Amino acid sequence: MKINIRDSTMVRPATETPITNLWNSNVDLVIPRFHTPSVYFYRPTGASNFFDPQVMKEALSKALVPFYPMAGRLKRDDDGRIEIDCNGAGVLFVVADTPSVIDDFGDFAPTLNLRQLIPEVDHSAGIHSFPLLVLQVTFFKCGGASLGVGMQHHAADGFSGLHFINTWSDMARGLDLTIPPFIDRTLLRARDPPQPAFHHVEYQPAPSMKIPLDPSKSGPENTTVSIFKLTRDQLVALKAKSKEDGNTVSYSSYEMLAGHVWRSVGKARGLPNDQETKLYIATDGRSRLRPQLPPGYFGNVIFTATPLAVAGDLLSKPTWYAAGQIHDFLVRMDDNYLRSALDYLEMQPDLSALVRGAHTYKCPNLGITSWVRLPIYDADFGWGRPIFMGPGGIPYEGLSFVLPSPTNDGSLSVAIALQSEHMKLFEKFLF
């Protein structure tokens, strides 16, 4: 899998954008320290026109006017707090070629030679050097191309990120902005003074293994990334179930699915009865914060639900028990709880310390991020919607994504990184 960079360009906003510093809220700070990798794959239309770099770059430049912070840089304020320096410095746009064909990627598992479709950032050099957004269009010998996205998560969550990407693809089709970015994270400013109302389990350290894992089995070595498809039908049966073993309470499709994955993972890993496993579920607070956020709110509004169970219970009890634990946390996360969370974060002396990076997600724990509602397939640059869109490679073991069907259809895909031996067993999944 060899990549030949053809051309590299620092694209700037088409016109003068505001020169300003953009404050980060507590949840723009407690985010991963890296560029979130995502990848789109497109079949060729057969037209010579296909993904014309000039069309792409002119559109990019246009989109970087309403979404100008995306073209800025990181800097710290006088208190060492990370903020966005909106200096319109720009976004990296790379074009590459490869002798490989798209079909080499087979099923499109986020293995991380898929990371080669995204330009790599050399982190430091400084905090202020590397651009917030990197982009690579890669032309395959088969005629198709990929779009690789690397987005510094301080700029935005996947929700605002997609807002920008889709807006970009729109402008490439001569269309204009639809919902303008609303740019002001101070709506998530903590209350003054901070008064937490809950004990927030989502910010407490993850359970470690009672018996220390074999390092020759648990490194990034011997960590495998795979994908699996549920049909629907299996998704129909999965949600029901639920009535299993006399149980009367009806849980939601996500809840039953996430519990099933969670449970399937524990079985695959052979967790002993007394072992605790913590599940990390990324939750969007746009819909829950009850003063109610503007459409096109530009930033991070991701909170975290973390149900916990002893494996003895999780794996021996029916799947609706796992779904129950999940539901029990998800339902507690109303505006009041979220506001409590912001105030809790406000009282911590260093938010960088609360950033999960697995350790957090390593065995015996797990993260399930669902993109099922994200408009991940709307990025049509003029040559059609992507045949696939997924995480640009899963770094940590124990991290997993739920992807919606490109065709649609009511099938889902689960993309997961597990220890290699554990991965073969993870087919408690279709079980």
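Residue indices: 1-based, along the sequence shown.
For the segment pair 25-33 and 384-392, the entry gives 25-33 the higher mean B-factor, averaged over Cα atoms. When the two stretches 260-268 and 214-222 are set side by side, the higher mean Cα temperature factor goes to 214-222. The entry assigns its greatest Cα B factor, within the set 137, 249, 341, 149, to 249.
Looking at 243, 199, 173, 278, the one whose CA carries the top B-factor in the deposited record is 243. Per the deposited record, the Cα B-factor of residue 108 falls in the middle third when ranked against the other modelled residues of its chain. Among the modelled residues of its chain, residue 58 has a C-alpha B-factor that falls in the middle third according to the deposited record. For residue 83, the recorded CA B-factor ranks within the middle third of the chain. Only modelled residues enter the ranking.
Compared with the other modelled residues of the chain, the Cα B-factor recorded for residue 178 ranks in the middle third. For residue 130, the recorded CA temperature factor ranks within the highest third of the chain's modelled residues.
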